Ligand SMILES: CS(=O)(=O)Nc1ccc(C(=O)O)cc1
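In the block that follows, a single chain appears as structure tokens, in the form deposited without the ligand.
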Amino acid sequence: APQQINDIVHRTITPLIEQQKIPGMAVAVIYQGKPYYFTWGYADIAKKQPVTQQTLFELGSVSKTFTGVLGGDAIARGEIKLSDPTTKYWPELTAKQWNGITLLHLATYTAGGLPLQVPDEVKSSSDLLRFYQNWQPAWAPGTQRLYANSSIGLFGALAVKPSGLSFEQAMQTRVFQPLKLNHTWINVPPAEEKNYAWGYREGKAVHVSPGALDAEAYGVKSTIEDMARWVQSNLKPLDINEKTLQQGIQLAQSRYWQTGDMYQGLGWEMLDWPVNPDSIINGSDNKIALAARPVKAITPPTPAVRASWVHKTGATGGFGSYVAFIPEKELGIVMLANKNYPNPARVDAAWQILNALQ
């Protein structure tokens, strides 16, 4: 890799790992449409297994980008419309508060205050229905944004219903397979466990626990290589052969709502490039990212803007991931670590790296 990329990456990541006490890390920089990989530390501290380009990391909420794109693919296929009412795909959802709540709302966290987490007690199909029937909106739909798994997770499950495929099967067949993400999983198979890194929380080795709508909202595990390939596919969707997938990727980068200077896509969040570092850095901090904010509808949605900083943070109990790319610059980065460290530190480092690369 160019000494320039090598120097900036190392100059930035070294102190990051040291200050955050990150056990293991893998980084991919996509420069002029080509990936460059870097790895440090351990995937498994106890068994002394190093992080390699084949190490699997939990993506946490970066999984929402795969869900937004899978959903976009369904839209392009003509199986669903974001303007459809949620009840069109779940007629059993009869409670009156659902009138007016569309798939767009679910996809974008703007249904009116659906919670960040689906309650732990919700673990059954009937339990899910019950939960949604009893949920009381705090706001009218399309007025406030509240980052939530119960919102996009539901969008995810409803989105694949017409296809007749299960969510994992649709994700694999319609997204993973066509893009050659052959080491990306919702459920990691036994044959691949040897590559599955342990996450670390307060010193303990941990893996994400099962939960309602986990696949749809935070359950994908991947390698730095496949994540780099994901970034490339998102940087140049026109290069994708499967027509509807190309269209789905574009739809997920369209701007549907604006909050402060951030725009909500399907899973991906975007800001106009150039961006103010402090704006994406401070904005990624959960004190802002997880808060209730008024939103302005973009009527109609702006098609994917090539001059944007497209990104998404992701976390599980033991993992911290980040993905960011600038279509206009053919530039991107993937940062996967097996420790959930502050979002600001992630964005700060990613910005130092990409800014120095143009």
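For clarity, a rigid core is taken as the largest C-alpha set superposing within 1.5 Å between two forms. All residue numbers are counted from 1 along the displayed sequence. Shifts are known only where both forms have a C-alpha.
Undergrad: Can you check if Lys287 is missing its coordinates in at least one third of the other PDB entries compared, counting only those that model the residues either side of it?
TA: Across the compared entries, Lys287 is left out in at least a third.
Undergrad: Report the stretch with the higher mean CA temperature factor, choosing between 105-113 and 135-143 on the basis of the entry.
TA: Here the higher of the two C-alpha B-factor means belongs to 135-143.
Undergrad: When the C-alpha temperature factors are averaged for each of 210-218 and 88-96, which stretch ends up with the higher value in the entry?
TA: Higher mean C-alpha B-factor in the PDB entry: 88-96.
Undergrad: Name the one of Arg255, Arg229, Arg201, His183 with the greatest CA B-factor according to the PDB entry.
TA: Across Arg255, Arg229, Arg201, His183, the entry lists the biggest C-alpha B-factor for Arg201.
Undergrad: Going by the deposited entry, which of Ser126, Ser151, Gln264, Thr223 has the highest CA temperature factor?
TA: Among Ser126, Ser151, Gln264, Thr223, the PDB entry lists the largest C-alpha B-factor for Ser126.
Undergrad: Where does the C-alpha B-factor of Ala157 rank in its chain, lowest, middle or highest third?
TA: Tercile = lowest for this residue's CA B-factor.
Undergrad: How does the C-alpha B factor of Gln20 compare with the rest of the chain: lowest, middle or highest third?
TA: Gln20: CA B-factor falls in the middle third of its chain.
Undergrad: Using the B-factor values recorded in the entry, state whether the Cα atom of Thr14 falls in the lowest, middle or highest third among the modelled residues of its chain.
TA: Top third by C-alpha B-factor.
Undergrad: Among the modelled residues of this chain, does the Cα B factor of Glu58 put it in the lowest, middle or highest third?
TA: According to the entry, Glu58 has a C-alpha B-factor in the chain's lowest third.
Undergrad: Going by the CA temperature factor in the PDB record, which third of the chain does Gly332 belong to: lowest, middle or highest?
TA: Its C-alpha B-factor belongs to the middle third of this chain's values.
Omitted here: the form deposited with the ligand bound. The next part is about that form.
Undergrad: Applying a 4.5 Å heavy atom distance criterion, does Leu104 contact the ligand in the deposited bound form?
TA: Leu104: contacts the ligand in the deposited bound form.
Undergrad: Counting only non-hydrogen atoms and a 4.5 angstroms cut-off, does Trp257 reach the ligand in the deposited bound form?
TA: Because a heavy atom of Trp257 falls inside 4.5 Å of the ligand in the deposited bound form, the answer is yes.
Undergrad: Would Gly41 show up as a contact with the ligand in the deposited bound form if we use heavy atoms at 4.5 Å?
TA: No, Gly41 sits far enough from the ligand in the deposited bound form that none of its heavy atoms falls within 4.5 Å.
Undergrad: Even though the partner isn't displayed, in the deposited bound form is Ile288 close enough to the ligand, meaning a heavy atom within 4.5 Å?
TA: Close contact exists here: in the deposited bound form, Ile288 approaches the ligand to within 4.5 Å, heavy atoms only.
Undergrad: Out of 270-301, which residues reach within 4.5 Å of the ligand in the deposited bound form, heavy atoms considered?
TA: If the 4.5 Å heavy-atom criterion is applied to the ligand in the deposited bound form, 270-301 yields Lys287, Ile288, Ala289, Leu290, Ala297, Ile298, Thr299, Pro300, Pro301.
Undergrad: Once the rigid core is lined up, just say which one of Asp285, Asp261, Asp84, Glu192 has a C-alpha that travels 2 Å or more between this form and the one not shown.
TA: Between the two forms, the residue that moves is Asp285.
Undergrad: In the deposited bound form, the Cα separation between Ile288 and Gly203 changes by 3 Å or more relative to the shown form; did it shrink or grow?
TA: Closer, not farther.
Undergrad: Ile326 and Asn286: their C-alpha distance differs by 3 angstroms or more in the deposited bound form. Do they come closer or move farther apart compared with the shown form?
TA: Closer, not farther.
Undergrad: What moves between this form and the one not shown once the core is lined up, counting runs of 3 or more consecutive residues with C-alpha shifts of 2 angstroms or more?
TA: The segment that shifts (3 or more residues, C-alpha shift of 2 Å or more) is 282-290 alone.
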